Amino acid sequence: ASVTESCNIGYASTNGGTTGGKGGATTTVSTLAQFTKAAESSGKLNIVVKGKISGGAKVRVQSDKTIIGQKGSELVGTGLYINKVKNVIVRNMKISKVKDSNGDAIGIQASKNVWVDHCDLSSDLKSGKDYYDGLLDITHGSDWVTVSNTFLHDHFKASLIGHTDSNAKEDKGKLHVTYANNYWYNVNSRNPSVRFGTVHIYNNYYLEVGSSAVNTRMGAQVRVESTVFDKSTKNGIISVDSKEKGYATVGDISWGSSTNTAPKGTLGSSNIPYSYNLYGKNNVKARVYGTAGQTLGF
Ligand SMILES: *[C@H]1O[C@H](CO)[C@@H](O)[C@H](O)[C@@H]1O
Ligand SMILES: *[C@H]1O[C@H](CO)[C@@H](O)[C@H](O)[C@@H]1O
Ligand SMILES: *[C@H]1O[C@H](CO)[C@@H](O)[C@H](O)[C@@H]1O
Ligand SMILES: *[C@H]1O[C@H](CO)[C@@H](O)[C@H](O)[C@@H]1O
Ligand SMILES: *[C@H]1O[C@H](CO)[C@@H](O)[C@H](O)[C@@H]1O
Ligand SMILES: *[C@H]1O[C@H](CO)[C@@H](O)[C@H](O)[C@@H]1O
Ligand SMILES: [Ca+2]
């Protein structure tokens, strides 16, 4: 892999694309102080994270940044908050145990063109349901986001797209998100939960989902295909807990113990504005398990 690879997967590759800090300088950071100074700075910048950075913090990531983890690097307790910015790459990053007061592990709010690739995001299930918040939340009119090759695990409320039923003016017609080649393990709910948006899930492997996997809500259109639900709740794809229903379209699913009870939608193969490579449901576990997460070599 290369620091300057641009997004070539999903919705973040559209509407101008996502190049992060390409064109800027490169810095390597190994302390929280170095990291927040680099990430909160103005201008194009490539930030390589080295070693284990621990500390309770919420980092206000600015536009035109690439944040890349070295093998063996991680953030413990430090969340990335991507708010009213654009063109951000978060890649090969391991983030864990961000306390609720410090926000989400990755929180994307009112931002556009964001690529999360080969990340490893988790907390635990032993500290209470609200001790931690989200792993990867996308809200407040954000758009053109791709979550690819990422491992989301050991956590209650994983990924929220659209924060409340009352937010139509801001969220309707926005919140286009791709989930490509991801591995979800031992997560309880919001895998993802979607209000309003348009979400494409393909080549995902779900294992030991506790309460619900995909929840489609308030007119959302989700497409789930070439995807495996393994040893997971009956609530595989549902539409619940909102004032208006959402919709789902499916293809080439291995259901396991899970089912789809969401109303049929309209998001077909021909309605996706990018090219994508389906593995086939019987090959997803082999191609994703051990690849998703912080597995890149720079
Ligand atoms: C990514 O782009 C940088 C320049 O922005 C190159 O130096 C590198 O080889 C890669 O193509
Ligand atoms: C900083 O250096 C990196 C290589 O680590 C480049 O990829 C980048 O374009 C910048 O020149
Ligand atoms: C790269 O530059 C960053 C600041 O943007 C420093 O924190 C780091 O030590 C390296 O000089
Ligand atoms: C910061 O330094 C690290 C190694 O410590 C490099 O991998 C990185 O490309 C940047 O030069
Ligand atoms: C982590 O590593 C960086 C880059 O090597 C240093 O600048 C810092 O002092 C810490 O050792
Ligand atoms: C980024 O935020 C960190 C938080 O610890 C500071 O230490 C640093 O000076 C920068 O403002
Ligand atoms: Ca959240």
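Cut-off values and rules
- Residues numbered from 1 in each chain as written, not as in the entry; some residues may be left out.
- Chains lettered and ligands numbered in written order.
- Heavy atoms only, no water.
- Salt bridge = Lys/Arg side-chain N within 4 Å of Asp/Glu carboxyl O.
- Buried < 20%, exposed > 50% of the residue type's maximum accessible area, 1.4 Å probe, protein only.
- Near = heavy atom within 4 Å.
- Polar contact = N/O pair within 3.5 Å; in protein donor to acceptor, adjacent residues only side chain to side chain.
- Areas by Shrake-Rupley, 256 points an atom, 1.4 Å probe, with all protein chains shown as cover.
- UniProt positions renumbered as here; feature names shortened; annotations may be inferred.
- Helix = DSSP H or I, 4+ residues; strand = E, 2+ residues; numbered from the N terminus.
- Contact = heavy atoms within 4.5 Å.

> Can you walk me through the pattern of salt bridges in this structure?
Two side chains that carry opposite charge are able to pair once their charged atoms sit near each other. Applying the stated criterion across every chain, the model contains seven salt bridges. Here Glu 225 makes a salt bridge to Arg 223, at a shortest N to O gap of 2.9 Å. Judged by relative accessible area, which is 4%, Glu 225 ranks as buried. In this structure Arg 223 comes out as buried when scored by relative accessible area, which is 7%. Via salt bridges that share partners, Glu 5, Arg 91 and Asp 117 belong to a single interconnected network.

> Help me understand the site of ligand 5 in this model?
Near ligand 5 the following residues occur: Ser 30, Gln 34 and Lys 50. A distance of 2.7 Å separates an oxygen atom of ligand 5 from a polar atom in the side chain of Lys 50. Taken by itself ligand 5 offers 290 Å² of open surface, and the protein chains cover 48% of this.

> What's the story with the UniProt feature "binding site: Ca(2+)" (unreviewed entry) in the protein chain in this structure? I'm lost.
Residues annotated in UniProt with the feature "binding site: Ca(2+)" (unreviewed entry) correspond here to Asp 104, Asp 133 and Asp 137. These residues run over 34 residues, yet every pair of their C-alpha atoms falls within 9.3 Å of each other. Checked against the element boundaries, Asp 104 lands in the loop between strand 7 (94-96) and strand 8 (106-109). Setting aside residues no more than four positions away along its own chain, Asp 104 makes contact with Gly 79, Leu 80, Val 98, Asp 133, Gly 134 and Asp 137. Here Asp 133 lies in the loop between strand 10 (120-122) and strand 11 (136-139). Residues within four places of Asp 133 in sequence aside, it is in contact with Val 98, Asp 100, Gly 103, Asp 104, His 155 and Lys 157.

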